[PDB]
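In: Structure for the following, please:
(2 chains)
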Amino acid sequence: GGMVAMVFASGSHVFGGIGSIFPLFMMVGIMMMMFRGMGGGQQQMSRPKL
Amino acid sequence: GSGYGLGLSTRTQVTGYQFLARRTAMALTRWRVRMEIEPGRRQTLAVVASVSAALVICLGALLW
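Out: Residues are numbered from 1 along each chain as shown, chains lettered A, B, ... in the order given. Here you go, the structure:
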């Protein structure tokens, strides 16, 4: 977001439509990597169960 | 002999040494090795958090 905002303050305003597709799609990739990071499951221990 | 010099090494040997290093460091200050709770780790992580928070604010200034 900082990288994107800094470009607008310079006035180049290259984003919107054609340009915005890069940061939009790039943003999904980061969330997709953190999702694999929290991988696994079914352990099901919890304070309310104990 | 064996163990001396700059030979090769593996990733299990790198963590293995850090465990022995923590356990011996505790024996010099607390004189016991039970280690049910490991406070050396926590006191170190608090510094790393301090440095990170300083850098986040530092980059925040450059952004403006």
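
In: So what touches stretch B:46-61?
Out: For stretch B:46-61, contacts defined as C-beta atoms under 8 Å, 6 or more residues apart in numbering or on different chains pick out residue A:2. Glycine gets a C-beta too; all of them are placed from N, C-alpha and C.

In: Dihedrals phi and psi, residue B:34?
Out: When read as degrees, to the nearest 10, the backbone of residue B:34 gives phi -60, psi -40.

In: need the contact list for it.
Out: Going by C-beta under 8 Å, 6+ apart, residue B:34 touches no other residue.

In: Can you get me a residue count around residue 41?
Out: Unless you meant another one, I'm taking chain A. For residue A:41, the count of nearby residues is 6 (other C-beta atoms under 10 Å in any protein chain shown).

In: could you do chain B instead?
Out: Counted with other C-beta under 10 Å, residues neighbouring residue B:41 total 10.

In: do the same with the one 4 residues further on
Out: Here the neighbour count serves as a burial measure; for residue B:45 (other C-beta under 10 Å) it reads 10.

In: cool, and residue B:33?
Out: Neighbourhood size, residue B:33 [other C-beta under 10 Å]: 9.

In: didn't it look like it was pressed against residue B:25?
Out: No. In this structure, residue B:33 is not within contact of residue B:25 by C-beta atoms under 8 Å, at 11.0 Å.

In: for chain A, longest helix please?
Out: Secondary structure of chain A per DSSP state H: the longest helix is helix A:21-37.

In: show me the residues around the residue in chain A that chain B sits nearest to that make contact.
Out: Chain B sits closest to residue A:2 of chain A, with a gap of 4.8 Å, by C-beta to the nearest C-beta. Going by C-beta under 8 Å, 6+ apart, residue A:2 touches B:59, B:63.

In: quick one: it from residue B:41, how far?
Out: 32 Å (C-beta to C-beta, to the nearest Å).

In: Check residue A:28 too.
Out: In terms of C-beta to C-beta, residue A:28 sits 35 Å off from residue B:41.

In: starting at the chain centroid, how far to the helix or strand containing residue B:53?
Out: Using DSSP states H and E, the element containing residue B:53 is helix B:39-63. Distance of helix B:39-63 from the chain centroid (C-alpha atoms, centre = their mean, to the nearest Å) equals 15 Å.
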